[PDB]
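Examining the three-dimensional arrangement
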Amino acid sequence: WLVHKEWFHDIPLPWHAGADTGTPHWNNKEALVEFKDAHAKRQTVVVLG
Amino acid sequence: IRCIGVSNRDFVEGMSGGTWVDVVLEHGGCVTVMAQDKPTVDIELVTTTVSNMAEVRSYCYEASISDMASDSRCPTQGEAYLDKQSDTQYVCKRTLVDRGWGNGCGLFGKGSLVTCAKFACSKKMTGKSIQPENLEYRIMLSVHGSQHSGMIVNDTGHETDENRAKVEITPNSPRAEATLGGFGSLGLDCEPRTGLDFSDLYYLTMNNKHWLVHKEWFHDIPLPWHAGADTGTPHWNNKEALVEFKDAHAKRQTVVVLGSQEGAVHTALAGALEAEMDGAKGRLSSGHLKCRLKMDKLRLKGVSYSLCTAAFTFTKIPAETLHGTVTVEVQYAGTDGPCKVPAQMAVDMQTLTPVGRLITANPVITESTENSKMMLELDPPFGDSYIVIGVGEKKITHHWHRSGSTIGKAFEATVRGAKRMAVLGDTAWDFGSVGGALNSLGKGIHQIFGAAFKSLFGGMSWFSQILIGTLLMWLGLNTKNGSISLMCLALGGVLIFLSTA
Amino acid sequence: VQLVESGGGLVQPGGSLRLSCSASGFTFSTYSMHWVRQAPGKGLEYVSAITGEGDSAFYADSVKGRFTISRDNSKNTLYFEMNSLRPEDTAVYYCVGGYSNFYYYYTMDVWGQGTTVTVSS
Amino acid sequence: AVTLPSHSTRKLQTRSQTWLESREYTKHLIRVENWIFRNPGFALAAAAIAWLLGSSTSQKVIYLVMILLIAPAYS
Amino acid sequence: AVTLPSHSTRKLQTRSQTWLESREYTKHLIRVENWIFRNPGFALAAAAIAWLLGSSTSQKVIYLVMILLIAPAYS
Amino acid sequence: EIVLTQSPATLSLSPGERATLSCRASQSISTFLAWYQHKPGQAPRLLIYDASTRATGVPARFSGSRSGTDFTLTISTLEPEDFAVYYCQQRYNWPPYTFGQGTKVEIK
């Protein structure tokens, strides 16, 4: 697609910068991983599909 | 036991009906019920299982396309027709295309072009219906007295340990009797059918993740949907919007699929409960059950016990719970036998006058080998006081100090009541429900107001509600008519509904 | 209530191995599982643990990185997939299980007979 | 994640059709119609709130329309 | 498809937290703030339109706020 | 990490003699300490948990006591089947659990 260069900076998704030499490092670490809490005794981690 | 550390536990004191107390049970916390001269029982709702659900209307959230084809006609002929339009596995779209004299027929108007593509779904989410029957609740209850601190979060054998019980409750058997050896039995009459709206909540699965979902959210979904029993060749009512028919600059047509949709549904799901599933049964861990506790066959095991006088050794420390109470674990040194344990919150050193309340019923050690362990708790006064355990010359005295005066306690009680009302609606009036006429009138007026409010409002979530609340707040603030109160009053509800959750 | 261990044997340095521990006589899902090893002429060493539901796992520094604990509650089996084995890992390994209500905590436990794992040299 | 700003804000204008053009119209209308059809009583609530606001009739009707618009989006 | 009605309309109420609770407050605020930050000219235009509508000051301010909320959602 | 130190490396006693073993923690464990009995060619057997609570079926002769960080396992009347290695284990908050170096109870 052709995409306006203002719709491709307000995106809430894990983003690399530039080309990837090897395994990328993604800065956000959130907005795709959800740490839900059990009833006061546990934590559970899920990913959005 | 069961509820010392739950931090969401509340105490239901006494039974002004002499026999029973009504109680609402919730998944989050648990209820410790203490009677006049009966052992304190801690009750907790544990899990709600649903069984034999019936599949209804499975959706398809990831489409895949296949061999396209097309057909065109002269500017003045009929309309294009692919023979794959008589097949309910192909999505077909009809449009107009520029034709003539280069393309193959002498005339220059707009032709008619049909394009068809085969539709296939790799995976689809499916919803199932829940009848308010064939759903089971499991209540775990335990008793104070002789248990040592170890038996707080230990669920290995409750069949024979004489102090814990498990109660299964279904619409077919809404009442039960929890038999506690030596304590008698606690009668428990519950309302399973009406605990939690289970006539509008489908069970939803996408890929090994399950949710509780309202109706009207599992019917207003724009996705290709089958209609129940997937038997042979799959049929989708709509291949529409899972397939996009664009056209080039008047001389082509193109068919694409939208990708996998599984993140849009995750966001579309909000305010839908999380559930898990074992085999054909679905476990919900967030619920709401209402049980009246017929507490008239409970006895006190410790009566007619000669009080033990050997020695008492603190084993861990005297600790303070989140609600103000104080737990103590004591070890008994010289075996006498089954015997009563002396303990109090005392003050003057000479006239050991029982100040405060003891919430551990009457402590009694039931084991005599050499040393035994027991745990009790108690509700000390707000001022300084002494934990005094023993009889004579060996009463190890601990100095206790409680923080907050009665005013803060009443404030916190009002806060808890407000939160429970916000969560439960009219049912909150049944928590301490010995039953009078002020209580029933309050419950009735709350039913009417809740029905009206949920009809008018209650289609919004935390932002539309805050906006409309502030707007009506200004409106009532400056309207100057006799409706002022009404406006403002409505906001209180609205506003707390937003600031308490 | 029993735990039967298997999979121990001879392995080369740098090599890999998978140990299994079949549980019987109890609701496996309600039990936190642990792996404790004992080198010859050495004290017991608590090396690994996994919660009842498989959510989270714990590894001691002595093994963190090379060993992976896992569990299948349907097959009632605990696994200790240990790769990059070193001669210092030659020991008798015993899987233990305890009724757990909190990620790894347990009071009364149950032990298997243990299985010997020998690095070649 | 949850927000994902729409690109129709910066709609690229040209002779050829855009990515999903045929849907926009029915998109917004369908969302509003569905939300209202599911929650009818809020129409009465909005009518009352609009009547209490605004002097003239036109102002009250515009308030009604804008409330009935802003609620389904929870904007 | 495109519409996909939000479930927060029929939020299930209980002690336990719902599916995506922590994102409800931020979600709408971020959408509105981002859209306004990208387009200030419409802030000026909406100020003008709100000034033309509504007799009293409060009516005009409420019109301004409601327009500034309707615009980002294209509701 | 917390460390447990058992005082006697090896203990030699005649049958029927009193046996005393002390295990010291590097930091406070309020009531979380377990004692195990391990015989060669056998799985370690849990004797005591929570310092002073005897496991299921453990004979009454085995006793446990605590004082601050110092825990004590006492065997009043030694029987021949009691001569083995005895370990202490810390059951404090996190799974990082350390078994003491062990003490051998020998028939002198």
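Anything mentioned here points back to the structure above.
What counts and what doesn't
Residues numbered from 1 in each chain as written, not as in the entry; some residues may be left out. Chains lettered and ligands numbered in written order. Part of a larger assembly, values for the part shown. Heavy atoms only, no water. Helix = DSSP H or I, 4+ residues; strand = E, 2+ residues; numbered from the N terminus. Rg over C-alpha atoms; globule rule 2.2 N^0.38 Å. Buried < 20%, exposed > 50% of the residue type's maximum accessible area, 1.4 Å probe, protein only. Areas by Shrake-Rupley, 256 points an atom, 1.4 Å probe, with all protein chains shown as cover. Contact = heavy atoms within 4.5 Å. Buried area = accessible area lost by both parts, 1.4 Å probe. Salt bridge = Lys/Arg side-chain N within 4 Å of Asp/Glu carboxyl O. Polar contact = N/O pair within 3.5 Å; in protein donor to acceptor, adjacent residues only side chain to side chain. Nonpolar A, V, L, I, M, F, W, Y, C, P; charged D, E, K, R; others polar. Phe/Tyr/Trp six-rings, centres within 6.5 Å; stacked < 30°, edge-to-face > 60°. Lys NZ or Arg CZ within 6 Å of the ring centre and 35° of its normal. Pairing = 2+ DSSP bridges. Axes fitted to C-alpha atoms, helices over the stretch in contact; angles between N-to-C directions. Parallel < 35°, antiparallel > 145°, perpendicular 65-115°, else oblique. Left-handed = near helix turned anticlockwise from the far one by under 90°. Expected span 1.5 Å × (residues − 1). Arc of directions from axis to C-beta.

We now examine the overall build of chain D. For chain D, the helix and strand inventory stands at 3 helices and 0 strands. From first element to last, N terminus to C terminus, chain D shows the α and β order α-α-α. Against the globule reference of 11 Å for 75 residues, chain D gives a C-alpha radius of gyration of 16 Å, more extended than a compact globule. Dimensions of chain D, computed from the C-alpha atoms along their principal axes, are close to 45 × 25 × 20 Å. Taking all 75 residues of chain D together, the buried fraction comes to 35%. When the accessible surface of chain D is summed, it comes to about 4,200 Å², and 66% of that surface belongs to carbon and sulfur atoms.

This part is about the interface of chain E and chain B. Listed per partner, the contact involves 27 residues of chain E and 43 residues of chain B. Both faces combined, the contact of chain E with chain B buries some 3,200 Å², and carbon together with sulfur accounts for 64% of it. When the buried area of chain E at its contact with chain B is split by residue, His7, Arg15 and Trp19 of chain E rank highest and sum to 26% of it. Where chain E packs against chain B, one counts 2 salt bridges. At the surface where chain E touches chain B, the tally comes to 13 residue pairs in polar contact. Contributions of two or more residues to the side of chain E that touches chain B are made by helix 1 (24–38) and helix 3 (57–73) of chain E. Across the side of chain E that touches chain B, the residue classes tally to 10 nonpolar, 12 polar and 5 charged.

What follows covers the interface of chain F and chain B. The partner chain B presents 7 residues to the 9 residues of chain F that form the contact. Taken together, the two surfaces of chain F and chain B that pack against each other cover about 590 Å², and 41% of this comes from carbon and sulfur. In terms of surface lost to chain B, no three residues of chain F exceed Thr31, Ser52 and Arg54 of chain F, which account for 46% of the buried area on that side. Our count for the chain F to chain B interface comes out at 5 residue pairs in polar contact. Looking at the side of chain F that touches chain B residue by residue, the class counts come to 2 nonpolar, 4 polar and 3 charged.

What follows covers the arrangement of the chains. Most contacts, compared over the 10 pairs of chains touching, are made between chains B and E. One finds no contact linking chain C with chain E; the least C-alpha distance across the pair is 18 Å.

Let us look at the packing of aromatic side chains. Taken as a whole and assessed by the stated rule, the structure comprises 31 aromatic pairs over all chains. Chaining the aromatic ring pairs together yields one cluster made of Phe26, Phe28, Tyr31 and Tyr99 of chain C. Above the face of the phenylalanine 431 of chain B ring, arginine 420 of chain B is positioned so that its terminal group lies 4.0 Å from the ring centre.

Before going further, it helps to examine the sheet that holds strand 10 (residues 103–107) of chain F. Residue and element names in this part refer to chain F. Across the sheet, 6 strands lie side by side as 2-10-9-4-5-6; this open sheet has mixed pairing. Only two strands of the sheet have a single neighbouring strand rather than two, namely strand 2 (10–13) and strand 6 (53–54). Note that strand 2 and strand 10 share 4 bridges and pair parallel. The residue bridging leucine 13 from the neighbouring strand is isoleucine 107, located in strand 10.

Another point: the side chain of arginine 10 of chain E. By secondary structure assignment, the location of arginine 10 of chain E is in the segment before helix 1. In this structure the side chain of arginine 10 of chain E is engaged in a polar contact, spanning 2.4 Å, whose partner is the side chain of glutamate 216 of chain B. The residues contacting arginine 10 of chain E, other than those within four sequence positions of it, are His214, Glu216, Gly271 and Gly458 of chain B together with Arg38 and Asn39 of chain D.

All names here are of chain B. Spatially, the 3 strands line up as an open sheet ordered 26-29-30, and their pairing is antiparallel. Looking along the sheet, the strands with just one partner apiece sit at the ends: strand 26 (343–346) and strand 30 (396–401). The sheet shows a mean angle of 25° between the axes of neighbouring strands, taken without regard to direction. In this sheet, strand 29 (residues 384–389) lies alongside strand 26 in antiparallel orientation, the contact comprising 4 bridges. Bridge pairing in strand 29 links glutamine 344 to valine 388.

Moving on to the packing of helix 2 (residues 41–52) of chain D against helix 3 (residues 57–73) of chain D. Residues and elements named next belong to chain D. Running from N to C, helix 2 and helix 3 cross one another at 140°; their axes reach a closest spacing of 8 Å. By the angle between their directions, the pair helix 2 and helix 3 is classed as oblique. Crossing of helix 2 against helix 3: the hand is right-handed. Judged by residue contacts, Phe42, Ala43, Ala46, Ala47, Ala50 and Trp51 of helix 2 engage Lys60, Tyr63, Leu64, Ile67, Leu68 and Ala71 from helix 3. Residue classes in the contact of helix 2 with helix 3 are distributed as 11 nonpolar, no polar and 1 charged.

Residue and element names in this part refer to chain E. Taking 1.5 Å of rise per residue, 15 residues should cover 21 Å, and helix 1 covers 22 Å from first to last C-alpha, within 8% of that figure. Residues of helix 1 that are buried include every one of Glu24, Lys27, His28, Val32 and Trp35, and no others. For helix 1, the arc enclosing every buried residue in end-on projection is 110°, short of the 170-degree limit, so these residues lie on one face. Counted as exposed and oriented over 90 degrees from the buried face of helix 1: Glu33 and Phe37.

Right, let's get into unusual backbone geometry. Residues and elements named next belong to chain B. Even without a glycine there, the phi angle at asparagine 134 is positive, about 50°. As for its position among the elements, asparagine 134 is in the loop between strand 10 (126–129) and strand 11 (135–143). Within the chain, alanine 241 stands out as a residue other than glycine whose phi angle is a positive 80°. Relative to the helices and strands, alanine 241 is located in the loop between strand 16 (210–214) and strand 17 (243–246). Relative accessible area serves as the criterion here: at 15%, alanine 241 is assigned to the buried category.

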